[PDB]
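Notes follow the structure.
All of this is worked out from the model, or read from it or from the source named; none is laboratory data. Neighbour counts are summed over all protein chains in view; Cβ atoms, including those assigned to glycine, are modelled from backbone coordinates with ideal geometry.
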Amino acid sequence: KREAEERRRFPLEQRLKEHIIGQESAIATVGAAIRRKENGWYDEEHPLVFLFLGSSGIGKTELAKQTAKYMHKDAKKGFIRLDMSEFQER
Amino acid sequence: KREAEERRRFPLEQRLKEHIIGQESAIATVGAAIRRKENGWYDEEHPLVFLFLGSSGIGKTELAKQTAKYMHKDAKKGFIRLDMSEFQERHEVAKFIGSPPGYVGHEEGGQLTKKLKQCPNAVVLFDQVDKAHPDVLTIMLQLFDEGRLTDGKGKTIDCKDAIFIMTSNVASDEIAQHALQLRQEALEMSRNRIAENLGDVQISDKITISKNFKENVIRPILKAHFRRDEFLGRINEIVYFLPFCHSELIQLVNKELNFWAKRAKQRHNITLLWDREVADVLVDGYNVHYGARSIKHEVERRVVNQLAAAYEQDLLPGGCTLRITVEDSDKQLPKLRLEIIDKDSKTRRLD
Amino acid sequence: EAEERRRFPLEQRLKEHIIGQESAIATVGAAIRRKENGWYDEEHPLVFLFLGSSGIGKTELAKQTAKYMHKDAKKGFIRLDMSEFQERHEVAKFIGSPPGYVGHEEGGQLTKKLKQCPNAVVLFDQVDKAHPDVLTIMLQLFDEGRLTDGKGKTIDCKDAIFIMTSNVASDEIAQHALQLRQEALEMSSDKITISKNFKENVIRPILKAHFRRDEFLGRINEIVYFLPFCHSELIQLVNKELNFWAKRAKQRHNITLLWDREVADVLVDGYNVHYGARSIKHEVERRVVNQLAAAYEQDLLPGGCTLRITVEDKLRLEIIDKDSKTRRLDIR
Amino acid sequence: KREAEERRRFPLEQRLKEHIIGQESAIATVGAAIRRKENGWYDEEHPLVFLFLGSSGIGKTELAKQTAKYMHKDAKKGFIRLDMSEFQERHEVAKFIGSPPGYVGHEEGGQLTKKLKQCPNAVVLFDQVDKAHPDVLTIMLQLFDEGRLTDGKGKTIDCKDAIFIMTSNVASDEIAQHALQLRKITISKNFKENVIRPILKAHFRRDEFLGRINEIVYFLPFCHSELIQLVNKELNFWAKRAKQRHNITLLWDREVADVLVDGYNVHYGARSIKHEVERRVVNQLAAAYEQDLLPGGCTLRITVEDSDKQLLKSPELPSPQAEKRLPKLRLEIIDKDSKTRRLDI
Ligand SMILES: Nc1ncnc2c1ncn2[C@@H]1O[C@H](COP(=O)(O)OP(=O)(O)OP(=O)(O)O)[C@@H](O)[C@H]1O
Ligand SMILES: Nc1ncnc2c1ncn2[C@@H]1O[C@H](COP(=O)(O)OP(=O)(O)OP(=O)(O)O)[C@@H](O)[C@H]1O
Ligand SMILES: Nc1ncnc2c1ncn2[C@@H]1O[C@H](COP(=O)(O)OP(=O)(O)OP(=O)(O)O)[C@@H](O)[C@H]1O
Ligand SMILES: [Mg+2]
Ligand SMILES: [Mg+2]
Ligand SMILES: [Mg+2]
C-alpha cells in the first residue's frame, strides 16, 4: 500500500533524469507506460513491448539497466541481456 | 436434442460476433463448417482443416481462440495452441512426433501426439504456419488427410474427428490492396448511384473476393511459399480476413473503450463516457499496414496514460463520472482531456 | 500432560532453535497440536511435503520436530535419504529381498526400523532425487501406514509421522516471494504470505511433472512451503551464528566475544541468494573463526579476556581491557 | 434360514450406503455379483473376479475393505490384502510361491499360500495392480485358471470360494471426464468398448488375463450434492468422536458446507476434502480445547468470516498475481439465551 506513495515521493522520471540526462521525451514515455503497468491499470493479457531506435552508445542499455534496477533489486536475476549480433544464423 | 435446441437458438456465429467484430464472411464460413460437423452426420473419414489468410492486426488467432472456446469448455485441455515459429528447421519435426528408439526423450513421446491422445476431438491451432519450414508442413500432410499420426514409439493416434486451424499471414499485402481497390470502386459506384438518385435498393455492405482472384494471384503465392500443391489440396476451407471498415474501426474503438470502462467499473467503480469526435480521433490513429493492434497500442498512449497519470494524484473518487473530450485548443489540428462531471452538471478539468 | 505442553508449546522451541519461517513453523505446529489433542484419525498417519530452496531449514525443521516427539533419535527418528534411490531396483532397500535370493534373511531396512519404533518420525530426505517407482512403493505407506516385508511380515505405522523435504517447486515460490520481497517489505505486524490458489494452479503442474501420480499427492496431508530469507532474518542468522561461536568459546575457554550493530552488515554482504543459511554459516566460520584459531595456537588469547570484532576504517579482532584501550592482534 | 432372512431384511448395499456414499452403479454391480454368490447359483470352477478402475480417492479400496468387513467378521484373519506395488520386479514373484526346496528360506513358503491355507474362502485384494510388473500378472491368471496356486513344496491350495478384487488406476482420466461430460448417469457401452478396452489390452499385454476377469467395475468422480453429503458425513463423524470422547455437539451451516465444497480438487479425490476438513474445522476445534475453552456438554456452531463472503458471492476473474484468501471458519459457543460467543486465540 506504500508503493504508490513512494512513487509519488520519488517518481522514476526523476530517477532516470538523475541517472541519464537528455532525451526527456523517451523518459516521459517509458515512465508513463511503466506507471500504467505498475498502477494495475493495464491489460495483463499482453506484455509491455518497447522498441528504442537510437545512435551508437547513446545510453539505451543504460536506460534499460536503470529501469530494471528500479523495477528489481537484483539485476542479475530480474534483468536479462541478449546480444542479437551473435545470433545471425537460424 | 437439448444441444440441438441450443444450437438452433444460439449458434456459434452470434458468440463469435459478440466476441469479435467484423469478419462476417469469415464467421459465416467457419460457422457453416461447424454447422456441418455438429449436425451429427459429418464424414468421419477426414477431419475439418482451415487455413486463415489475412493481415497482421485482424484476429485470425482470436477467431480460432473463440471457436475453441465454443467447441470445448476447457480452453486449456480441449484446445491445443501450437506456434509454428519455433519449427523453423527440419529436425524440429521431432518435437512434433517424438524421438526414434535409442535417443533421448524417446520415453516422453511427442507433444502434439500425446495432446491429441488425451482428447481426439481437440481444436488444434497452428499459429504462423507460413513461417515454419516446409518439411514441417510435410508431416502435417498425412495429419490433415486421414487423421492418423504416428508416434515415435510405434503408436498411431486417430485425430479423425479433430478440427485443425492454421493461421498464416502470407499474401496479406495483396489481399489488403485488392480489398481496398474493391472498396474504393464500390464507393465510387455507390456515390455515383447516390448522385443519380438510386436509393430504392438496399445497398448491402458485403464485398467478396471472386474465385478468379483466389485461383489467379493468391494461389500461386501460396504455391510459391508452401511449395507443395498437396498441402494446399488437403486444406478444406481457405478463409479470408478482410481489412477493417470505418464503421468497423468505430466498433473496435468502442469495444476497447467499453472493455476499459467495464474494467474500471468492476475494479474501482468509475464510470467513463466518450463523444463522437473522441471516437473519430481514436479511429484517426490507425495504421493501414497493421490492424486492431495499432488501436490496441495507441489507446493507452492517447487515453489510458491520462487516466493512469491522474490516478496517483487521488483525483478519482469512488463513483465519480468522467467524460473524455477532444481538446478545444487542439480541435483545429490533436489531444484528449479528461473532464469530471459533478452532480450539478459542472465540469472539472484534470491537470 | 497438558500443563507441560502449555508451558512449552513447540512453536516456542522451534523459534528458539530455528529462525524465520513463521508460517511453516505455525503449519507444522498446528498439525502436531492436532496430533497432540488426540483428535486425529487413528487410521491415517501424518504426511508432509516440504517445498523450499537450498539452505532454508527443512531438514533441520524435521530433525528438531523428531527431537521433540522422541527423546532418542537413534530409535524415534528414521531418516532415509532419497539420493540412493535414483534407480528402479533401489526399491529393494525398503523391503526385504524375495525368498531364495541374496540378503533375504537380512530383511527390510524400513520394516525393521518401523518395527523397532512404530511411533517414530520418518524423514524421506530430498525426495526430488528418488525414482518415481519408489514413490509408488511408499504410496501404501502414506495411504494406510502398512508395509509388507519380503518374508511375508507386515508392519503397521498408523501412529507415525511422515516428513518429506523436496526441492522441486523451490524456484517459483521464491520468485513469488520475490514480488513479496517487493511487496511485504514495502507494505511497511508485516508477514510474507503465499496465495492459496498458487498451490493448486501452478505448483501442481510441477508436482505432476515430477512425481507424475495423482495418488501420491492426494495421499499427502499437508504441503508446507519455505520462504527465502529476508533482510532481518539474515541479520538474525548472522547474530545467531556469532552467538553460537561465542557460546562455544565461553563453554570452552571462557572467551567473551562482542560485535556491534554495524558489524553484521558486512557479513550480510557475504551472502548468495542461490545458497542458504549454510553460506552465512561458513562465511562466519571462515572470516572470523580462523583468526580466533590462529590466535589460539599462538597463545595470544588468555582465558577471561574480552574480544571485539571491528570493521576496518577487514574484520579485526581487538582485545578490550578494563581500561577501555583497544589492542590490535598481530596474526602471523 | 437366518442368512436368507437377513439377506432379505438387510442386503449389503444398504450397509455399503451407510459406510460409503456415491458410486451406486459400482455398488449395484458388486452387490449383484455377491447376490449371485450367496444364493449358491455360481460356478465354482471360476471364482468371482472384480477389476476396480477409478481415479485417486474415488472409492475403490475402501469399498474392497467394506466388502471384506461384510463377508468376514475377522478381517485380519479372513481377508488377505496384497499390495502389487512391491511386485515391481519379476523376482518378487518368488514372494508369491515361496522358495524352491533348499534355497535360503525354503520351509516358509509364499505368504499367499499360507494365508489362503488358513482361509480358502478369504477375499483377496490385489490393490494398485497397475504398479506391478507385467510379468507378475502372467502368473496371476493361473490363480484364475482353475483357482489354484502351487507352492514350491508342492503344497497346492484350492481357493474356489474366494473373491478376487484388483484395484487399479489405469485409464482413469478420460473415464473421469466422460462422467463429467454426461452432466441415472452411468458409463455407456460404446465408451467401455472403444476406449478402455484397447488401453487395458495394451497395458496388461496378455488379453487372456482380461478373459479371466468376471467383471470390470468403473468408478465416477463426485457430483456437488454427494460432495456436500461427504462434508455432512465427515462432520457427523467428528461430532460423533467429540460426543463419545468429550461430549461436544457441533452445528454447521449450509454456507459452511458451501465453503468446504469450494475447497475441493477433482484429481485428488475425497482425501483432499478430508484434509481441508481436518486443517480447518479440527484445527481450531482442538486449539480451543488446548486452552480448555470448550467445557464438557457445551454446544458449538460453525460460522464464516465476513470478509470473503462478498468475494465468493461475486465471481470475478482474478489476476495471476492476485492473492485469494480462504474464508475462515470460526467457532461460536451457542448460549441458551440465543446468543453467540466467539473464540479468538
Ligand atoms: N475483429 C476483431 N474484433 C475484436 N478484437 C479484435 C479483432 N481483430 C483483432 N482483435 C484484437 O486484436 C488481437 C489480434 O489478434 P491475435 O493476436 O489473436 O491474432 P492475429 O492478428 O490473427 O495474428 P497475426 O499476428 O499472426 O496476424 C486479438 O487478440 C484481439 O484482442
Ligand atoms: N532457519 C534457520 N535458522 C537457523 N539455522 C538454520 C536455519 N536454516 C538452516 N540453518 C542452519 O543451516 C544448516 C542447513 O540446514 P539443513 O542441513 O537442515 O538443510 P536445509 O536448509 O533444509 O536444506 P537442504 O534441502 O539442502 O537439506 C542447518 O543444519 C542449520 O545449522
Ligand atoms: N465411496 C466413497 N465415497 C467417498 N469417499 C470415499 C469413498 N470410498 C473411500 N473414500 C475416501 O477415500 C479414501 C480412500 O479410499 P480407499 O482406500 O478405499 O480407495 P479409493 O478411494 O477407492 O481409491 P485409491 O485406492 O485410488 O486411493 C478413504 O479413506 C475415504 O476417506
Ligand atoms: Mg495470431
Ligand atoms: Mg536446513
Ligand atoms: Mg488403493
Extreme residue, farthest from ligand 3 (Cβ to nearest atom), among residues of segment C:7-51 that are over 24 Å from C:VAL127 (Cα atoms) and among the aromatic types (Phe, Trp, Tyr): C:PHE8
Has segment C:99-110 got at least one residue that is more than 16 Å from ligand 5 (Cβ to nearest atom), at the interface with another protein chain (Cβ under 9 Å from one of its Cβ atoms), crowded, with 24+ Cβ neighbours inside 10 Å and of a type outside the set (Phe, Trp, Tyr)? yes
Whether any residue in segment C:241-253 is in contact with a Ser or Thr (Cβ under 8 Å, 6 or more places away or on another chain), of a type in the set (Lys, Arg) and closer than 30 Å to C:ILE137 by Cα is what I want to check. no
Does segment C:144-165 include one or more residues that are within 16 Å of ligand 2 (Cβ to nearest atom) and aliphatic (A, V, I, L, M)? yes
Which residue is surrounded by the fewest Cβ atoms within 10 Å (Cβ to Cβ), if the candidates are limited to segment C:196-250 and must be within 23 Å of the chain's Cα centre (by Cα) and within 16 Å of ligand 6 (Cβ to nearest atom)? C:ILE220
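When you look at B:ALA64, is it within 30 Å of B:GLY22 (Cα to Cα), within 16 Å of ligand 1 (Cβ to nearest atom) and within 14 Å of chain A (Cβ to nearest Cβ), yes or no?
No.
Quick test for you: out of D:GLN118, D:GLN88, pick the one residue that is surrounded by 18 or more Cβ atoms within 10 Å (Cβ to Cβ) and among the polar types (S, T, N, Q). Explain how you work it out, then say what you get.
Details: D:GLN118 fails: surrounded by 18 or more Cβ atoms within 10 Å (Cβ to Cβ).
On inspection, the qualifying residue turns out to be D:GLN88.
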A careful count of residues in segment B:67-98 that are basic (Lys, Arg), part of a loop (DSSP other than H, G, I, E, B) and either away from every other protein chain (no Cβ under 12 Å) or within 16 Å of ligand 3 (Cβ to nearest atom) (or both) gives 0
Residue set B:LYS95, B:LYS73, B:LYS114, B:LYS77; condition within 30 Å of B:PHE244 (Cα to Cα) and more than 16 Å from ligand 6 (Cβ to nearest atom); output residue B:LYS73
If you go through D:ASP258, D:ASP262, D:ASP308, the only one that is out of contact with any helix residue (DSSP H, G or I) (no Cβ under 6 Å at 6 or more places or on another chain) and exposed (fewer than 13 other Cβ atoms within 10 Å of the Cβ) is D:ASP262
Against the definition (within 13 Å of another protein chain (Cβ to nearest Cβ), more than 16 Å from ligand 6 (Cβ to nearest atom) and within 28 Å of C:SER232 (Cα to Cα)), how does C:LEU46 come out, yes or no? no
Which numbered condition B:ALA33 fails, given (1) farther than 27 Å from B:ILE218 by Cα; (2) more than 9 Å from ligand 1 (Cβ to nearest atom): (1)
Determine the pairs where a residue that is assigned by CATH to the domain that holds D:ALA32, located within segment D:205-229, has a partner that is away from ligand 3 (no atom under 16 Å from the Cβ) and small (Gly, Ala, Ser) with Cβ atoms under 8 Å apart, the partner being 6 or more residues away or on another chain. D:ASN214/D:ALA33; D:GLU215/D:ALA33
How many residues does segment B:55-79 hold that are under 20 Å from D:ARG183 (Cβ atoms) and within 9 Å of ligand 4 (Cβ to nearest atom)? 0
A:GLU5 passes all but one of the listed conditions (1) within 17 Å of B:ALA310 (Cα to Cα); (2) surrounded by 12 or more Cβ atoms within 10 Å (Cβ to Cβ); (3) within 10 Å of another protein chain (Cβ to nearest Cβ); the exception is number (2)
If the requirement is being more than 16 Å from ligand 4 (Cβ to nearest atom) and within 26 Å of C:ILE173 (Cβ to Cβ), which of these qualifies: C:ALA277, C:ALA246, C:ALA293, C:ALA264? C:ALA277
Members of segment B:131-190 that are away from ligand 4 (no atom under 16 Å from the Cβ) and of a type in the set (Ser, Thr, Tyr): B:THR138, B:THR150, B:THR156, B:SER190
Any residue that is within 16 Å of ligand 1 (Cβ to nearest atom), within 12 Å of chain A (Cβ to nearest Cβ) and within 20 Å of B:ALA264 (Cα to Cα) - is there at least one of those in segment B:303-310? yes
Restricting to segment A:8-43, give me the number of residues that are under 13 Å from the mean Cα position of the chain (by Cα), within 14 Å of chain B (Cβ to nearest Cβ) and outside any helix (DSSP H, G or I). 1
Members of segment C:128-138 that are at the interface with chain D (Cβ under 9 Å from one of its Cβ atoms) and under 14 Å from C:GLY218 (Cβ atoms): C:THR136, C:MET138
Quick check on segment D:273-292. Is at least one of its residues surrounded by fewer than 16 Cβ atoms within 10 Å (Cβ to Cβ), in the same structural domain as D:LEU235 (by CATH) and in a loop (DSSP other than H, G, I, E, B)? yes
